[PDB]
Structures are given as C-alpha cells and as structure tokens.
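File shown here: entry_28.cif, holding mmCIF, C-alpha atoms and all ligand atoms.
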```
data_final
#
loop_
_atom_site.label_atom_id
_atom_site.label_comp_id
_atom_site.auth_asym_id
_atom_site.auth_seq_id
_atom_site.Cartn_x
_atom_site.Cartn_y
_atom_site.Cartn_z
CA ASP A 1 0.00 0.00 0.00
CA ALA A 2 1.60 3.26 -1.14
CA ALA A 3 -0.01 5.30 1.70
CA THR A 4 1.54 3.07 4.38
CA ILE A 5 4.99 3.36 2.74
CA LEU A 6 4.57 7.17 2.58
CA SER A 7 3.60 7.21 6.27
CA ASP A 8 6.62 4.98 7.06
CA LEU A 9 8.98 7.28 5.16
CA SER A 10 7.63 10.34 7.01
CA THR A 11 8.28 8.64 10.36
CA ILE A 12 11.83 7.87 9.20
CA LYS A 13 12.30 11.58 8.31
CA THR A 14 11.07 12.63 11.78
CA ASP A 15 13.42 10.12 13.44
CA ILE A 16 16.43 11.45 11.48
CA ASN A 17 15.72 15.08 12.35
CA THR A 18 15.25 14.20 16.04
CA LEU A 19 18.60 12.37 15.92
CA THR A 20 20.22 15.50 14.39
CA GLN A 21 18.94 17.61 17.32
CA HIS A 22 20.57 15.13 19.71
CA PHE A 23 23.87 15.39 17.82
CA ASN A 24 23.81 19.20 17.84
CA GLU A 25 23.33 19.24 21.65
CA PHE A 26 25.90 16.50 22.38
CA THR A 27 28.70 17.64 24.73
CA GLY A 28 30.36 14.20 25.28
CA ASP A 29 28.13 13.01 28.16
CA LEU A 30 27.30 9.26 28.16
CA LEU A 31 23.67 9.80 29.23
CA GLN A 32 23.30 12.04 26.15
CA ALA A 33 24.82 9.26 24.03
CA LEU A 34 22.33 6.78 25.53
CA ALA A 35 19.38 9.09 24.77
CA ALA A 36 20.60 9.52 21.20
CA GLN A 37 21.05 5.76 20.86
CA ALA A 38 17.40 5.20 21.82
CA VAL A 39 16.40 7.45 18.88
CA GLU A 40 18.87 5.64 16.62
CA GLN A 41 17.34 2.25 17.55
CA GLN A 42 13.83 3.62 16.85
CA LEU A 43 15.18 4.76 13.48
CA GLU A 44 16.54 1.27 12.73
CA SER A 45 13.16 -0.24 13.60
CA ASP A 46 11.29 2.32 11.47
CA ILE A 47 13.52 1.67 8.44
CA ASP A 48 12.96 -2.08 8.79
CA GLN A 49 9.20 -1.48 9.11
CA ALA A 50 9.27 0.49 5.82
CA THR A 51 11.20 -2.36 4.18
CA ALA A 52 8.62 -4.92 5.41
CA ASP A 53 5.73 -2.72 4.21
CA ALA A 54 7.40 -2.20 0.81
CA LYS A 55 7.94 -5.96 0.39
CA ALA A 56 4.20 -6.47 1.11
CA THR A 57 3.17 -3.95 -1.59
CA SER A 58 2.49 -4.82 -5.24
CA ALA A 59 3.83 -2.88 -8.26
CA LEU A 60 3.10 0.82 -7.74
CA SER A 61 0.92 2.97 -10.00
CA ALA A 62 2.58 5.92 -11.81
CA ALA A 63 1.45 8.49 -9.23
CA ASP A 64 2.24 6.14 -6.31
CA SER A 65 5.73 5.48 -7.70
CA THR A 66 6.31 9.28 -7.98
CA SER A 67 5.06 9.89 -4.41
CA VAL A 68 7.25 7.16 -2.92
CA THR A 69 10.29 8.18 -5.02
CA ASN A 70 9.98 11.84 -3.97
CA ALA A 71 9.49 10.85 -0.32
CA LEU A 72 12.61 8.64 -0.41
CA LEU A 73 14.70 11.24 -2.21
CA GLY A 74 13.38 13.99 0.12
CA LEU A 75 15.23 12.12 2.89
CA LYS A 76 18.58 12.76 1.20
CA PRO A 77 19.39 16.26 2.51
CA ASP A 78 18.19 15.35 6.04
CA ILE A 79 20.45 12.29 5.97
CA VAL A 80 23.44 14.35 4.86
CA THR A 81 22.64 16.95 7.54
CA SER A 82 22.41 14.25 10.22
CA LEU A 83 25.71 12.58 9.20
CA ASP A 84 27.38 16.00 9.10
CA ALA A 85 26.07 16.72 12.62
CA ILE A 86 27.56 13.53 14.14
CA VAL A 87 30.80 13.99 12.11
CA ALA A 88 31.04 17.56 13.56
CA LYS A 89 30.90 15.98 17.03
CA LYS A 90 33.79 13.49 16.57
CA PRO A 91 35.84 15.19 19.33
CA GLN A 92 32.93 14.72 21.79
CA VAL A 93 32.39 11.15 20.58
CA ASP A 94 36.04 10.32 21.23
CA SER A 95 35.97 12.13 24.58
CA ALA A 96 32.92 10.01 25.56
CA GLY A 97 34.63 6.85 24.23
CA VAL A 98 31.68 5.87 22.01
CA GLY A 99 33.29 5.81 18.53
CA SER A 100 32.57 2.07 18.12
CA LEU A 101 28.87 2.66 18.92
CA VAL A 102 28.64 5.38 16.27
CA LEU A 103 30.47 3.12 13.80
CA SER A 104 28.22 0.15 14.58
CA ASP A 105 25.13 2.35 14.10
CA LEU A 106 26.44 3.76 10.77
CA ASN A 107 27.04 0.24 9.39
CA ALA A 108 23.61 -1.01 10.57
CA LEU A 109 21.82 2.06 9.20
CA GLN A 110 23.56 1.85 5.82
CA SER A 111 22.66 -1.86 5.48
CA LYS A 112 19.02 -1.21 6.50
CA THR A 113 18.71 1.87 4.24
CA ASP A 114 20.13 -0.11 1.30
CA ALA A 115 17.59 -2.91 1.88
CA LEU A 116 14.76 -0.34 1.95
CA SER A 117 15.98 1.29 -1.26
CA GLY A 118 16.14 -2.14 -2.94
CA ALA A 119 12.56 -2.94 -1.86
CA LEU A 120 11.25 0.44 -3.15
CA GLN A 121 13.17 0.07 -6.45
CA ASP A 122 11.55 -3.33 -6.98
CA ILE A 123 7.99 -1.88 -6.91
CA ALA A 124 8.72 1.48 -8.58
CA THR A 125 8.23 2.21 -12.28
CA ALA A 126 11.29 1.54 -14.46
CA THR A 127 12.21 5.25 -14.64
CA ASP A 128 11.68 5.93 -10.92
CA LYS A 129 13.83 2.86 -10.13
CA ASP A 130 16.79 4.54 -11.86
CA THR A 131 16.07 7.76 -9.93
CA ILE A 132 15.95 5.92 -6.58
CA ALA A 133 19.15 4.01 -7.42
CA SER A 134 21.02 7.25 -8.29
CA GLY A 135 19.81 8.92 -5.09
CA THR A 136 20.79 5.82 -3.12
CA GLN A 137 24.34 6.00 -4.54
CA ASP A 138 24.55 9.49 -3.03
CA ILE A 139 23.18 8.31 0.32
CA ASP A 140 25.68 5.40 0.33
CA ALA A 141 28.53 7.80 -0.49
CA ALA A 142 27.57 9.99 2.51
CA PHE A 143 27.44 6.94 4.82
CA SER A 144 30.85 5.86 3.51
CA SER A 145 32.25 9.32 4.28
CA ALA A 146 30.91 9.31 7.89
CA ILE A 147 32.18 5.73 8.38
CA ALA A 148 35.66 6.77 7.18
CA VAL A 149 35.69 9.65 9.69
CA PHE A 150 34.89 7.26 12.56
CA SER A 151 37.36 4.49 11.63
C1 LIG B 201 18.25 6.75 6.43
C2 LIG B 201 19.00 6.78 7.77
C3 LIG B 201 19.88 8.02 7.89
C4 LIG B 201 20.65 8.08 9.20
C5 LIG B 201 21.66 9.21 9.20
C6 LIG B 201 22.23 9.45 10.59
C7 LIG B 201 23.16 8.32 11.02
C8 LIG B 201 23.68 8.54 12.44
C9 LIG B 201 24.36 7.29 12.97
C10 LIG B 201 25.11 7.57 14.28
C11 LIG B 201 24.20 7.31 15.46
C12 LIG B 201 24.95 7.48 16.77
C13 LIG B 201 23.99 7.48 17.95
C14 LIG B 201 24.62 7.22 19.31
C15 LIG B 201 25.97 7.88 19.58
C16 LIG B 201 25.81 9.34 19.90
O1 LIG B 201 24.88 10.01 19.39
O2 LIG B 201 26.61 9.91 20.67
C1 LIG B 202 31.79 12.94 3.57
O1 LIG B 202 30.39 13.10 3.75
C2 LIG B 202 29.99 13.18 5.10
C3 LIG B 202 28.47 13.14 5.18
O2 LIG B 202 27.89 14.21 4.48
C4 LIG B 202 30.59 14.46 5.69
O3 LIG B 202 30.15 14.65 7.01
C5 LIG B 202 32.11 14.37 5.64
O4 LIG B 202 32.69 15.55 6.14
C6 LIG B 202 32.55 14.11 4.20
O5 LIG B 202 32.28 15.27 3.44
#
```

Go ahead and express the file in the form of structure tokens.
Amino acid sequence: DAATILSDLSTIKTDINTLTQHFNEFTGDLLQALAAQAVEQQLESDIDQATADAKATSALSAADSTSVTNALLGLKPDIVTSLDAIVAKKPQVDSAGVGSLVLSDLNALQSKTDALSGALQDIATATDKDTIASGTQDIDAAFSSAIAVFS
C-alpha cells in the first residue's frame, strides 16, 4: 500500500531530524549518548518497518511510484545533515569513548537503508527505479564518508 509506505517514510524523516537535534546538543556526556542511541534504535526499527511494508506492496501505480520516489529522495538532505552533525561531534564522541557505537550504528543504518531502497526500487516504475538508485548511490557515499571519519 503506497499510503503506508509514505507514512513509514515520514516517520523515518522525523526520526532522522530528532537524531540530528541530539547530535547538535551532544557535549560528550554518556547519558546524552544513551538518549541519542534510543532514537537511533527507533530509526533502525522504522527503516525495517518500511522495508517490510514495501515488500508487502504490489507494483506501484505511476502516481504512487512518484510519491514514494519523492518521499525517499526527500530524505537525502536530512540524511546528509544528520551525518554531518555527528561527524562535527567526533571530538565529543572520542571524549565520551563511544566511537565504536557510532560506527556500529552507521554500518547497521547503511545496510538497512540499502535494503529499503532495494525494496522500493523493486515496486517502482522503471524510470523511478533509476532515480531511486542514483539517489541511493549518493546516500551510500555519505554513509561511507561518515564511516571513514569514525574508523
Ligand atoms: C536513512 C537513515 C539516515 C541516518 C543518518 C544518521 C546516522 C547517524 C548514525 C550515528 C548514530 C549514533 C547514535 C549514538 C551515539 C551518539 O549520538 O553519541
Ligand atoms: C563525507 O560526507 C559526510 C556526510 O555528508 C561528511 O560529514 C564528511 O565531512 C565528508 O564530506
């Protein structure tokens, strides 16, 4: 159902922007890291939910493919902003001693995001599939950048 996927993608967007707020307020305190991690785990769950919902949906109509494609691609700048915000806080991450947690989260989120993109590509129109794939290459490149910073 396209509406469920759109709802799922909106929730993902909200999760990401909440996570960015946590990053921007992070001063290297472990309780802050824990609070942020709770949001990150909600985000993982919400991405996986979207993947499950996409896998349960049949080939999208033209308008539904456009809606889902634009909703997925609309995530891109918020993702980049979020990754930039945690990258900006590397000194505080290292001070807190939680670099491996950030790295583990980045790897899990990239894998889950890639699975979601694959599931949406499979039900999109042929043209939208190419658009989603190109956008996903950019998302993957941003993940790879953040991962490099933290390893
Ligand atoms: C489509 C998903 C996009 C996600 C982009 C943001 C990825 C952030 C991953 C790092 C999470 C780290 C959370 C706990 C550690 C901390 O905040 O101090
Ligand atoms: C690679 O991309 C990440 C995510 O946007 C940046 O934070 C990093 O500085 C580098 O440009």

When you draw a straight line from atom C6 of ligand LIG 201 (chain B) to atom CA of residue A:89, how long is it in Å?
->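 Result for atom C6 of ligand LIG 201 (chain B) versus atom CA of residue A:89: 12.6 Å, one decimal.
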
Tell me, as a list in words, which residues lie within 12 Å of residue A:23, counting all atoms listed in the file; anything in the same chain fewer than 6 positions away does not count.
->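 Contacts, in chain order: residues 16, 17, 29, 32, 33, 34, 35, 36, 37, 39, 40, 81, 82, 83, 84, 85, 86, 87, 88, 89, 90, 92, 93 and 102 of chain A.
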
Residue selection dump (C-alpha atoms) as an mmCIF file, keeping the file's coordinate frame:
```cif
data_model
loop_
_atom_site.group_PDB
_atom_site.id
_atom_site.type_symbol
_atom_site.label_atom_id
_atom_site.label_comp_id
_atom_site.auth_asym_id
_atom_site.auth_seq_id
_atom_site.Cartn_x
_atom_site.Cartn_y
_atom_site.Cartn_z
ATOM 1 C CA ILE A 16 16.430 11.450 11.480
ATOM 2 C CA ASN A 17 15.720 15.080 12.350
ATOM 3 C CA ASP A 29 28.130 13.010 28.160
ATOM 4 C CA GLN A 32 23.300 12.040 26.150
ATOM 5 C CA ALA A 33 24.820 9.260 24.030
ATOM 6 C CA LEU A 34 22.330 6.780 25.530
ATOM 7 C CA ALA A 35 19.380 9.090 24.770
ATOM 8 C CA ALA A 36 20.600 9.520 21.200
ATOM 9 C CA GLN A 37 21.050 5.760 20.860
ATOM 10 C CA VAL A 39 16.400 7.450 18.880
ATOM 11 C CA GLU A 40 18.870 5.640 16.620
ATOM 12 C CA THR A 81 22.640 16.950 7.540
ATOM 13 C CA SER A 82 22.410 14.250 10.220
ATOM 14 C CA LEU A 83 25.710 12.580 9.200
ATOM 15 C CA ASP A 84 27.380 16.000 9.100
ATOM 16 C CA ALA A 85 26.070 16.720 12.620
ATOM 17 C CA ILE A 86 27.560 13.530 14.140
ATOM 18 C CA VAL A 87 30.800 13.990 12.110
ATOM 19 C CA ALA A 88 31.040 17.560 13.560
ATOM 20 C CA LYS A 89 30.900 15.980 17.030
ATOM 21 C CA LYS A 90 33.790 13.490 16.570
ATOM 22 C CA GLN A 92 32.930 14.720 21.790
ATOM 23 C CA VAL A 93 32.390 11.150 20.580
ATOM 24 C CA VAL A 102 28.640 5.380 16.270
#
```

Extract, using all atoms listed in the file, all DNA, RNA and protein residues at most 12 Å from stretch 133-137 of chain A, discarding same-chain residues fewer than 6 positions from it, and format them as number ranges by chain.
-> A: 69-77, 79-80, 110-111, 113-122, 124, 126-127, 143-144

Output as lines of an AutoDock Vina configuration file the centre and edge lengths (Å, one decimal) of the box along x, y and z of the file that holds every listed atom of ligand LIG 202 (chain B) after adding 5 Å on each side.
```
center_x = 30.3
center_y = 14.2
center_z = 5.2
size_x = 14.8
size_y = 12.6
size_z = 13.6
```

Leaving out residue A:49 and any residue of its chain fewer than 2 positions from it, which residues lie within 12 Å of it when counting only C-alpha atoms, given as a list in words?
->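 Skipping anything fewer than 2 positions along the chain leaves residues 4, 5, 6, 7, 8, 9, 11, 12, 42, 43, 44, 45, 46, 47, 51, 52, 53, 54, 55, 56, 112, 113, 115, 116 and 119 of chain A.
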
Can you write just those residues out, C-alpha atoms, as an mmCIF file, in the coordinates of the input?
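File selection_18.cif, as written:
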```cif
data_model
loop_
_atom_site.group_PDB
_atom_site.id
_atom_site.type_symbol
_atom_site.label_atom_id
_atom_site.label_comp_id
_atom_site.auth_asym_id
_atom_site.auth_seq_id
_atom_site.Cartn_x
_atom_site.Cartn_y
_atom_site.Cartn_z
ATOM 1 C CA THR A 4 1.540 3.070 4.380
ATOM 2 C CA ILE A 5 4.990 3.360 2.740
ATOM 3 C CA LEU A 6 4.570 7.170 2.580
ATOM 4 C CA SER A 7 3.600 7.210 6.270
ATOM 5 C CA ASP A 8 6.620 4.980 7.060
ATOM 6 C CA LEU A 9 8.980 7.280 5.160
ATOM 7 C CA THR A 11 8.280 8.640 10.360
ATOM 8 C CA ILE A 12 11.830 7.870 9.200
ATOM 9 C CA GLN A 42 13.830 3.620 16.850
ATOM 10 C CA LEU A 43 15.180 4.760 13.480
ATOM 11 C CA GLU A 44 16.540 1.270 12.730
ATOM 12 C CA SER A 45 13.160 -0.240 13.600
ATOM 13 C CA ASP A 46 11.290 2.320 11.470
ATOM 14 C CA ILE A 47 13.520 1.670 8.440
ATOM 15 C CA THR A 51 11.200 -2.360 4.180
ATOM 16 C CA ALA A 52 8.620 -4.920 5.410
ATOM 17 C CA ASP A 53 5.730 -2.720 4.210
ATOM 18 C CA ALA A 54 7.400 -2.200 0.810
ATOM 19 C CA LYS A 55 7.940 -5.960 0.390
ATOM 20 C CA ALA A 56 4.200 -6.470 1.110
ATOM 21 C CA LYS A 112 19.020 -1.210 6.500
ATOM 22 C CA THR A 113 18.710 1.870 4.240
ATOM 23 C CA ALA A 115 17.590 -2.910 1.880
ATOM 24 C CA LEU A 116 14.760 -0.340 1.950
ATOM 25 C CA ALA A 119 12.560 -2.940 -1.860
#
```

Between A:103, A:123, A:62, A:141, which has the minimum distance to ligand LIG 201 (chain B) (counting only C-alpha atoms and all ligand atoms)?
->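 Using only C-alpha atoms and all ligand atoms, the shortest distance to ligand LIG 201 (chain B) belongs to A:103.
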
Could you state the separation of atom CA of residue A:28 and atom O2 of ligand LIG 201 (chain B) in Å, given to one decimal place?
-> 7.3 Å

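Nearest-residue note for ligand LIG 201 (chain B): choosing from A:10, A:61, A:66, A:131, the minimum distance belongs to A:10, counting all atoms listed in the file.
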
Distance criterion (only C-alpha atoms and all ligand atoms): nearest to ligand LIG 201 (chain B) out of A:125, A:145, A:57, A:67 =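 Using only C-alpha atoms and all ligand atoms, the shortest distance to ligand LIG 201 (chain B) belongs to A:145.
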
Some atoms are absent from stretch 78-90 of chain A, so rebuild N, CA and C atoms and return them as an mmCIF file, in the frame of the given file.
```
data_model
loop_
_atom_site.group_PDB
_atom_site.id
_atom_site.type_symbol
_atom_site.label_atom_id
_atom_site.label_comp_id
_atom_site.auth_asym_id
_atom_site.auth_seq_id
_atom_site.Cartn_x
_atom_site.Cartn_y
_atom_site.Cartn_z
ATOM 1 N N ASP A 78 18.288 15.539 4.594
ATOM 2 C CA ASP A 78 18.190 15.350 6.040
ATOM 3 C C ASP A 78 19.177 14.295 6.519
ATOM 4 N N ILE A 79 19.444 13.303 5.676
ATOM 5 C CA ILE A 79 20.450 12.290 5.970
ATOM 6 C C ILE A 79 21.838 12.909 5.997
ATOM 7 N N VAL A 80 22.152 13.674 4.959
ATOM 8 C CA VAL A 80 23.440 14.350 4.860
ATOM 9 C C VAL A 80 23.634 15.294 6.049
ATOM 10 N N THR A 81 22.589 16.036 6.403
ATOM 11 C CA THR A 81 22.640 16.950 7.540
ATOM 12 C C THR A 81 22.930 16.201 8.843
ATOM 13 N N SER A 82 22.246 15.079 9.030
ATOM 14 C CA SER A 82 22.410 14.250 10.220
ATOM 15 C C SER A 82 23.828 13.678 10.322
ATOM 16 N N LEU A 83 24.329 13.093 9.234
ATOM 17 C CA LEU A 83 25.710 12.580 9.200
ATOM 18 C C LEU A 83 26.729 13.681 9.457
ATOM 19 N N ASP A 84 26.528 14.838 8.829
ATOM 20 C CA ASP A 84 27.380 16.000 9.100
ATOM 21 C C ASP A 84 27.380 16.389 10.591
ATOM 22 N N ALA A 85 26.215 16.314 11.233
ATOM 23 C CA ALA A 85 26.070 16.720 12.620
ATOM 24 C C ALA A 85 26.817 15.785 13.580
ATOM 25 N N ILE A 86 26.762 14.475 13.330
ATOM 26 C CA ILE A 86 27.560 13.530 14.140
ATOM 27 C C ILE A 86 29.068 13.607 13.791
ATOM 28 N N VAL A 87 29.404 13.779 12.512
ATOM 29 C CA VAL A 87 30.800 13.990 12.110
ATOM 30 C C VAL A 87 31.388 15.227 12.821
ATOM 31 N N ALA A 88 30.620 16.316 12.868
ATOM 32 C CA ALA A 88 31.040 17.560 13.560
ATOM 33 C C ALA A 88 31.360 17.337 15.046
ATOM 34 N N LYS A 89 30.717 16.331 15.627
ATOM 35 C CA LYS A 89 30.900 15.980 17.030
ATOM 36 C C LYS A 89 31.909 14.853 17.301
ATOM 37 N N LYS A 90 32.798 14.547 16.346
ATOM 38 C CA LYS A 90 33.790 13.490 16.570
ATOM 39 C C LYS A 90 34.634 13.741 17.848
#
```
